[PDB]
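Working notes for the structure below.
Quick note: the coordinates plus some simple rules give every number you see, no bench work behind them. Neighbour counts are summed over all protein chains in view; Cβ atoms, including those assigned to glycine, are modelled from backbone coordinates with ideal geometry.
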Amino acid sequence: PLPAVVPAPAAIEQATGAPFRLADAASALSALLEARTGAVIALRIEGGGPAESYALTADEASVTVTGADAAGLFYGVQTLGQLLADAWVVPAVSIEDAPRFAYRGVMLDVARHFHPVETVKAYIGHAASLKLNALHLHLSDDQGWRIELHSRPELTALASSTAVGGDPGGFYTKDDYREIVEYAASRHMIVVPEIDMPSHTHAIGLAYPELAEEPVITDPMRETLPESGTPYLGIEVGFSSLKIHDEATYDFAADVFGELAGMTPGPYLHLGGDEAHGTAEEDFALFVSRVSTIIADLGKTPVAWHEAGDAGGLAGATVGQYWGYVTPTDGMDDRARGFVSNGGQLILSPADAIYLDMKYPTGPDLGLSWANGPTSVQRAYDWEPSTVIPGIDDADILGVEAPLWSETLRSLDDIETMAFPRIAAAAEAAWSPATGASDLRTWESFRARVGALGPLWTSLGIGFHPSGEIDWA
Amino acid sequence: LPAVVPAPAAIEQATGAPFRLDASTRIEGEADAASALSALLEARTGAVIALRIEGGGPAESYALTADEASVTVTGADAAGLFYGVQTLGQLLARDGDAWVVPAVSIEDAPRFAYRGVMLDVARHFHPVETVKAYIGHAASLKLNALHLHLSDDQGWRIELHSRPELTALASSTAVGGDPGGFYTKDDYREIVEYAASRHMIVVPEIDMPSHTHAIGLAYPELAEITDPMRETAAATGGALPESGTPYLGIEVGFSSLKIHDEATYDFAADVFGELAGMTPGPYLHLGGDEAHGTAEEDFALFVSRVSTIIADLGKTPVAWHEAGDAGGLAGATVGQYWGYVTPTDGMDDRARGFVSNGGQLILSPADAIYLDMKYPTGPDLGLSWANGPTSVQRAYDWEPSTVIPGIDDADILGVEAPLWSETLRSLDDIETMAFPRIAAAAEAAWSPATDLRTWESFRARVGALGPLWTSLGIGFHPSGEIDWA
């Protein structure tokens, strides 16, 4: 009975004997005793091996978790919590672990439904239990502006009032934004803020009306309220845009990205790259060519969605591939490889696979289906970051991101019902080795290991949708 | 009175002299509608013709006025202007040597929001080139919905990646041993974007219950043949009955899916889920064709599942009227395909059950509007399985309201003109059967109920467009029932 642990470790092997009767990393395990409210449990930072790596060995003499950093030890304490099993037991085990990708991220949409600091802090602890080390907050969209800026003070004043569906809006104060980045730092997580521009910028026109263009509608139909110069409370996308040829548009992005970078010590500033429907490719090329350079000279590494990779601007910019794992193109396989030819890496977030906002085939009502139908937990796992990567190299993949969009999610219970269990397939694709190695990196194994951690998920207060695709305990 | 098809809602001649075109007329700056009018000057290779998009009136409606000073086409949409720009081409006449627009004022509006033409790519794979031309031909008659019959017992024509073996091993063949093929996802975007520029929506159909022999070629675990005692087989000579190998015949209702196998619905969800992502149009046509000998409860449970699958995808599902006895689906749209007299079954009653469910009817009577039905005159190809060949008059001898069981015109989504490709292997073959009688489709779709909507007037107006149809390269068949120019 191989002890179930997710993400699947690099090397795991049972031990010969009988199992184990039960700095600040110790607090992470002491607080982990929510699964179960002399012996000596060793948590030491030796160092020398790869970053975010650890070594776990459990016997009856003592259990020893040894990481190279505070992060590596913090991923070893997360593994031991999953290892915890008539009494309360830790199996005779030996784990030597290391991450496959340096970026192992979770995205949160705070613009569609404004999520408070508390429900964001909880999601940080939940993602950290799966060895995820990057929180991606989607701070702006057509439905709200969520970050408090002073170079653009009208934004937080007139663009944060509403949310999707007539629900409360709000924003993170700069006072409140430091709490998010310092809470995630204590969980060894970086916080990358995204400000979706060219398109996905309708709320920006509510406060600075000289910057936004009139909405382009196309075929709703579905609307039978379309977007106007008023707070958009719908879910349609790709209608808003900034005055791309107005220099005030870029003087706005400079203030917005300049002030934002001062509050984020993380290396990345995500600009988005969403283009409005019917926007010129050359004009959209000029847009993200300018704003990425603005972030470039700010001392930050710019991030954008892969649809802006054909552009001629930016150097070393990082991408977020949101296309399907079988890449059904507008050009999205070739367009994603433009980031690698330019000198940057790719973060892979396949829509059909890893988009956590996609409805379950089972049926928890929430979610969307715009990918290729609902997303089963298997399909969230039925992909390899290497083969589902056009024709690049593992050195050109910065990591894996698991986007959770909040068009339909308004609760922490709503967030957990959709993130888990499919978030485990995200951390597995991010942390665990490729599908070429690792015998436990199969659907038959993941489906069994993710079901054994079910009781552990219920003890930490983490909600999840029990997908009938897998067997729980 | 100047002939124009479909017959506009309100048309009246003017008091003065016509509009001389010459080589000095300017055309008003109306984006691509001017280019649509310039290409319409293929009939004939200062005063200015005004194309404007006002707005406020009915959807896809327009107003056309032609005098000696200037011509003005004013629509509420880009589609309304487009259909007004289409009426200009039909209006264009020749005085002696100069080309002339008659003094006339037209105020037009469509009767049905759905004005469809279906093309069968499964029996004979029609390339993107021959489909784009058919998009322009149907758009010249104010049709706004292209229905693609992407799959049948003879082939699978759309490229899916969740089910990638389909196009790998089910698109090799066509009926009669003819070339197969399929539309790539990249080739399918070109069709929907071309149709959008003509203000047409692309409705993709995947016949799901029966008409599914080709799916068994690639996913062999899903298919169930079933030969009836009738058939033709021995007489036609070999005429290979259906097997577990590509079917090159024309018989229908022999294949089916294992209705109680859950992989069949996980199959349909994957295909329809990927399909919906490729179509910005609101409609996903599921079919509803039941195999011979299928249990009514089983066929009901099948279409109950797939329509809910399409419904939960954010799209409106479409099916044939034979799937109306089912207990599933809500608000599903329908192509009624039975005769205008509503015959063998509760075919009218089963179609009226869709209206009880909250949906609308698209009516496509086989005896009336089936463009693949043989002419009584005789241009060879086509079928006659309805009630014999279909004359151009018989294609027009029906009212979409009266033939509609016992409902209301508000419960009719519109009109569809299906062209099945069992015998049609060329674009010239498509036009030889689609046209004349596709005007009777646009007439029933666009024009008011039974105006100039009589057989005596139709046969005069569509006969005047002969030179216009010959100028656009449309190879219509000259039915002897009507006089041309």
Check: With charges set only on the Cβ (+1 for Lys and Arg, -1 for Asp and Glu), what does the dipole of chain B come to about its Cα centre, in debye to the nearest 20?
Finding: 1140
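Quick check for me: using +1 on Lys/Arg Cβ and -1 on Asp/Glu Cβ, what's the dipole size of the stretch A:400-473 about its Cα centre, in debye to the nearest 20?
On the way: 5 positive and 10 negative charges, 26 e Å.
Dipole of the stretch A:400-473, to the nearest 20 debye: 120 debye.
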Margin query: Less than 22 Å apart at the alpha-carbon level, and either on another chain or at least 8 residues along: which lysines does that give for B:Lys185?
Written below: B:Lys132, B:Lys315
Next item on the list: Between A:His150 and A:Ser289, take the C-beta separation as r, use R0 = 22 Å, and let me know the FRET efficiency to the nearest 0.05.
Entry: 0.20
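What's the Kirkwood radius of the stretch B:1-109 in Å, using all Cα pairs? Please report the intermediate quantities before stating the final value.
Working: mean 1/r = 0.0733 Å⁻¹.
After inverting the mean inverse Cα-Cα distance, the result is 13.6 Å.
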Checklist line | Using a Förster distance of 56 Å, the FRET efficiency for A:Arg44-B:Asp325 (Cβ separation, nearest 0.05) | finding: 0.20
Next item on the list: Work from the charge dipole of the protein assembly as shown (Cβ charges, +1 for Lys and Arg, -1 for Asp and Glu, about the Cα centre) and give the residue of A:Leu130, A:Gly451, B:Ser151 farthest towards its positive end.
Entry: A:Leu130
Next item on the list: May I have the pair-distance distribution P(r) for chain A, computed from all Cα-Cα distances with 10 Å bins from 0 and rounded to whole percent?
Entry: 4, 21, 31, 25, 13, 5, 1, 0
Item checked: Debye, to nearest 20: dipole size of the stretch A:1-98, +1 on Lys, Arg Cβ, -1 on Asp, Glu Cβ -> 200
Next item on the list: Using packing as a proxy for protection, rank A:414-426, B:370-382 so that the peptide with the highest average count of other Cβ atoms within 10 Å comes first.
Entry: A:414-426, B:370-382
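Taking every residue in B:274-280, how many Cβ atoms of other protein chains lie within 10 Å of its Cβ, on average? Intermediate results must be reported in sequence, preceding the final value.
On the way: counts 7, 2, 5, 9, 2, 0, 3.
Mean partner-chain Cβ count within 10 Å for B:274-280: 4.
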Next item on the list: Using only Cα atoms, locate the centre of the stretch A:278-294 and the centre of the stretch A:296-310, then give the distance between them in Å, rounded to an integer.
Entry: 11
Notebook entry, point to check: Per residue, what volume in Å³ does the convex hull of the Cα atoms of the stretch A:424-473 enclose?
Noted result: 78
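Would you order B:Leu413, B:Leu275, A:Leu460 from fewest to most other beta-carbon atoms within 10 Å of each residue's own beta-carbon? It would help to have the intermediate numbers written out before the result.
Working: B:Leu413 22, B:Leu275 25, A:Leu460 16.
By the 10 Å Cβ count, ascending, the order reads A:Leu460, B:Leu413, B:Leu275.
Among A:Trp145, A:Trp431, which comes first, second and so on when ranked by fewest other beta-carbon atoms within 10 Å?
Working: A:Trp145 31, A:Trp431 26.
Placing the least packed residue first, the sequence is A:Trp431, A:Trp145.
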Margin query: Counting C-alpha atoms alone, how compact is the protein assembly as shown: give Rg to one decimal and Dmax as a whole number, in angstrom.
Written below: 31.8, 113
Check: Roughly what would the spin-label model give for A:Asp246 and A:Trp88, points 7 Å off Cα along C-beta, in nm?
Finding: 6.0
Item checked: Förster radius 22 Å - calculated FRET efficiency between A:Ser386 and A:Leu2 (Cβ-Cβ, nearest 0.05) -> 0.35
Next item on the list: Please name which of B:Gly16, B:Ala223, B:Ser356 has its Cα lying farthest along the dipole of chain B towards the positive end, using unit charges on Cβ (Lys, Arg +1; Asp, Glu -1) and the Cα centre as origin.
Entry: B:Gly16
Notebook entry, point to check: For the stretch A:241-320, what class follows from the C-alpha gyration tensor (a ≥ b ≥ c being the square roots of its eigenvalues): rounded when a/c is under 1.5, otherwise prolate if a/b is larger than b/c, else oblate?
Noted result: oblate
Item checked: Nitroxide proxy distance, nm - points 7 Å out along Cα→Cβ at A:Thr224 and B:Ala98 -> 4.4
Next item on the list: Please pull out the direction-averaged projected area of the stretch A:55-214, using the convex hull of its alpha-carbon atoms, in nm² to one decimal place.
Entry: 12.6
Next item on the list: Summarise the partner chain shielding of A:226-238 as one whole number: the mean count of Cβ atoms from other chains within 10 Å of each residue's Cβ.
Entry: 0
Next item on the list: Pull up the cross-link candidates among the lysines for A:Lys131, meaning alpha carbon to alpha carbon under 20 Å and not fewer than 8 places away within one chain.
Entry: A:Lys121
Check: Per residue of A:365-375, what is the mean number of Cβ atoms on other protein chains within 10 angstrom of that residue's Cβ?
Finding: 5
Check: So how do B:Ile11, B:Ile362 line up by other beta-carbon neighbours within 10 Å, fewest first?
Finding: B:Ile11, B:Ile362
Notebook entry, point to check: Counting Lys and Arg as +1 and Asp and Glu as -1, what is the net charge of the other residues whose Cβ lies under 13 Å from the Cβ of A:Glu46?
Noted result: -1
Note to self: Using alpha carbons only, how many angstrom separate the centre of the stretch B:142-184 from the centre of the stretch A:117-160?
What the structure shows: 46
